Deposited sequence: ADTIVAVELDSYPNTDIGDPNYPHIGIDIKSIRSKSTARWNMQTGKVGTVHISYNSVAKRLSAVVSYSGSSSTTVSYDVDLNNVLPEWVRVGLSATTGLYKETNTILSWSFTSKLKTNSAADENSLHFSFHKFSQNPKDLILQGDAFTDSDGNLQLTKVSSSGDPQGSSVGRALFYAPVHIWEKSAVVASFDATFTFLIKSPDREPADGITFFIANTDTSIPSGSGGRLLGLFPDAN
């Protein structure tokens, strides 16, 4: 099984497996049952931004989601990712639908990693090309004619579909820790557009970090957000 760390923008409350009964942002450490969550005041049809950060000295993974003009929502969890993740990871975005549905559109994605022992990786996309050779598209993930990343299946009409799962990983492995290292830190930002006709959209989007050979686990659809085999 993959080792997974994620920040979930969770649109659909699955109260039977630990979600609060509201759209929430959460921090997931090796389980879909977030270690910490916060009410997300969703706005179907607006562009949202997530920013995510961690460093190995503070040991505090935190995330904020916002929309232009709105109040933002934040969540944090104290954790030493050196004891959770392996030294080398791939970083990526995931998204699912299930019985309910939404567009999982990513308009932009940037990521920075630093390791001082200074080694660094940084990448930033404001367009996605039709053939993103520096992305590993998994599942139903694809790029569109506006240079956006659609993680889950959609018509060119506009209409999203159910039982869809797609991810996008940065092609290059990332070195997030080492024995020598004094500090390791990463920061990630993405902007996203969730539209739905459904009164109750589902399921959500994820930024995540995993072992390098990470793949969509089977039965990780809908509420497991493409990350987890089961809901332990």
In sequence order, the deposited stretches missing their CA atoms are 118 to 122
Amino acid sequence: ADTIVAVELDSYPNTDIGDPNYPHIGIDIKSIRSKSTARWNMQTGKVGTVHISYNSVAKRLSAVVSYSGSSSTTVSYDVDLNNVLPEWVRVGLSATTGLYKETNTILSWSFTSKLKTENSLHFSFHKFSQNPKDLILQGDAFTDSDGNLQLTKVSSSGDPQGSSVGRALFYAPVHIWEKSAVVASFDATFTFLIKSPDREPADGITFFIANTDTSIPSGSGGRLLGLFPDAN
From here on, numbers count along this sequence of modelled residues.
Once average C-alpha B-factors are taken from the entry for 139 to 147 and 85 to 93, the winner is 139 to 147
Once average C-alpha B-factors are taken from the entry for 45 to 53 and 159 to 167, the winner is 159 to 167
Of the residues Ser70, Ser185, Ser36, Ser31, the one whose Cα carries the largest B-factor in the deposited record is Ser70
From the entry's CA B-factor values, the highest among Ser180, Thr206, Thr191, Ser66 is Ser180
Of the three thirds of Cα B-factor ranks in this chain, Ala58 occupies the lowest
Binned into thirds over the chain's modelled residues, the C-alpha B-factor of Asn131 lands in the highest
Of the three thirds of the chain ranked by Cα temperature factor, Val154 occupies the highest
Of the three thirds of the chain ranked by Cα temperature factor, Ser76 occupies the lowest
Tertile call for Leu115 (CA temperature factor, within chain, third-based) is the middle
